Structures are given as structure tokens and as C-alpha cells.
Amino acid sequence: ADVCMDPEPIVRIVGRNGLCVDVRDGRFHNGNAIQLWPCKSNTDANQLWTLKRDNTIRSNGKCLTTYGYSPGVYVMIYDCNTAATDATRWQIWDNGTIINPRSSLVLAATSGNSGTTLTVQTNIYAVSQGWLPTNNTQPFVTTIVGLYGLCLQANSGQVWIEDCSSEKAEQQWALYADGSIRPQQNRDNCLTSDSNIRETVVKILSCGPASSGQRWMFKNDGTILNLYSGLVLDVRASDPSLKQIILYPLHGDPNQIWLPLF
């Protein structure tokens, strides 16, 4: 029936460390900065954004505008008509990236600290550049089941696959808006991958750097893709015994397929 009619939803924008895209101190004068800030449970328009049809993101009437088309400038709130036209335009991608078409610079937060000013960096699919439009302020907690029906499990600084004990040493994971996969019991730890090399062993380090090796995405084909490198989670030589999850190019066998069980 007809052609699809995309609506204009009012939603929060959760990003790095589960923080929200906030308009500093609730003020809307042209230029006031945009910052990361603990998400609020209310209607303060300084934290709710309307995703317009024209591709502009508006809070309380003003446009989310970038200062310039240079890696490093900050993102400010501004009058939509006054602001340079294509400096208010953004596309929200399915892989949590919010890009400014015109400069190719992605909305980022180069610090996980509350109050950090948003900026536009060069795209490297890092956790510091992943965002998600949702009124859901909490990360999604699930069980990740993979090869042979075994569960993904973490033990301190390591991660391997093992049989699913519906209670065991935290096999529950929390998926953040920033695209990081965090161990339920220790939420400032990220499923990390040191290098983007054809066999590096995935481990659990701190989300501190929010690097591009800590951001993943669940594909429709059941794999877990590392956006930056293009490599997917792989259980080493279909051998759960080896206790090693590596980054490996895609081939689609059962050792690269995962399903989020919630």
C-alpha cells in the first residue's frame, strides 16, 4: 500500500558508556555545546531528539549542528535556518554510526567522562563513535549461544565458549548502545581485540580506550562483525577445547555463527 512513509520519531540518543546526547545546562543559545551526560528519566527537551525527515536532528526546536568540517571541531546546538545548511545534515546508519554527509566526519565522544563535549572525528568505527536512537537507557542483557550449542563465557581477562549453565560464572552479556559487548558482572570491561590481524585472540580488557577493536555488530547472517577490521568472531578450528575465540575472515561455517538468546 503506497510507498513507505518514514515518520519523525522523538527519541534519546544513547552513546559511549551508555551516556546520552545532552544539550549542556538546558540552554539553547546558538553555540551552546552538545555533551555526553547521564540519561534522564523525564521530559527535559535537552535530552530528547526529533529525527526530522530532512535529515536534521532537533532538540527543543534547534538543530544539532557541527562547527566545521575538520576532525576535532565540536558539535553545538544552533538555529536551523541560521546555521550553514549542510552542517545540520546527518544520516544514522544501521551500524550505529551517525555521519555528517559533506565532511564524512562521524559524531564522536573522545572521552567516556560525563560532560564531555561531542565532536566530529574521522570514521574508524570505534566505540567512541557508536550511537543508538532509543528511549531505552539500559544495555540489552543476553546469553550468546554459538558452536555446538555452547555459551560464550568470560573468566577475568579471557573469553571462551563452554556449556551453558543457566547460572554459571556470568555467561550473561550486556550489549551497549556504543556497540561494545560487556560482561554482565563487570560493565567497564569490553570484549576486546588487540590487533585487526587474521588470528588475534579476543580478550576482555577495560573499555577505557573505547577503541575500534571493542565495537562489534550482530549481522543478519548470525555472525558478530568487528566493524573496523571486517573480521568476525571465530571459535578456533571448531575446537571449543582450545578455549580461544579469534578474529577471522568470514566463511560462514558453524564456528562463526552466534545467536543472542534473551
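All residue numbers are counted from 1 along the displayed sequence.
Enquirer: Is residue 188 left out in a third or more of the other entries?
Expert: It is not, since residue 188 is included in all of the other entries that model both flanking stretches.
Enquirer: Find out whether the coordinates of residue 170 are absent in at least a third of the other compared PDB entries of the same protein.
Expert: Counting only entries that model residues on both sides, residue 170 is resolved in every one of them.
Enquirer: Higher average CA B factor in the deposited record is what I'm after, so tell me if that's 224 to 232 or 55 to 63.
Expert: Looking at the record's C-alpha B-factors, the answer is 55 to 63.
Enquirer: Is the mean CA B factor in the deposited entry higher across 77 to 85 or across 141 to 149?
Expert: The stretch with the larger mean CA B-factor is 77 to 85.
Enquirer: Going by the deposited entry, which of 50, 35, 214, 41 has the highest CA temperature factor?
Expert: Of 50, 35, 214, 41, 41 has the highest C-alpha B-factor.
Enquirer: Sorting 98, 127, 164, 181 by Cα temperature factor from the record, which one lands on top?
Expert: So the option with the highest C-alpha B-factor is 164.
Enquirer: If you rank every modelled residue in this chain by C-alpha B factor, which third holds residue 157: lowest, middle or highest?
Expert: Tercile = highest for this residue's CA B-factor.
Enquirer: Quick one: classify residue 134 as lowest, middle or highest third of the chain based on its Cα B-factor.
Expert: Lowest third - that is where residue 134 ends up once the chain's C-alpha B-factors are sorted.
Enquirer: Lowest, middle or highest third: which one holds residue 92 when the chain's residues are ordered by CA B-factor from the entry?
Expert: Within its chain, residue 92 is a lowest-third residue by C-alpha B-factor, going by the deposited values.
Enquirer: Using the B-factors in the PDB entry, rank residue 242's C-alpha atom against the chain and give the third, lowest, middle or highest.
Expert: For residue 242, whose C-alpha B-factor we compare with every modelled residue in the chain, the answer is the highest third.
Enquirer: Relative to the other modelled residues in the chain, which third contains the C-alpha temperature factor of residue 203: lowest, middle or highest?
Expert: Residue 203: CA B-factor falls in the middle third of its chain.
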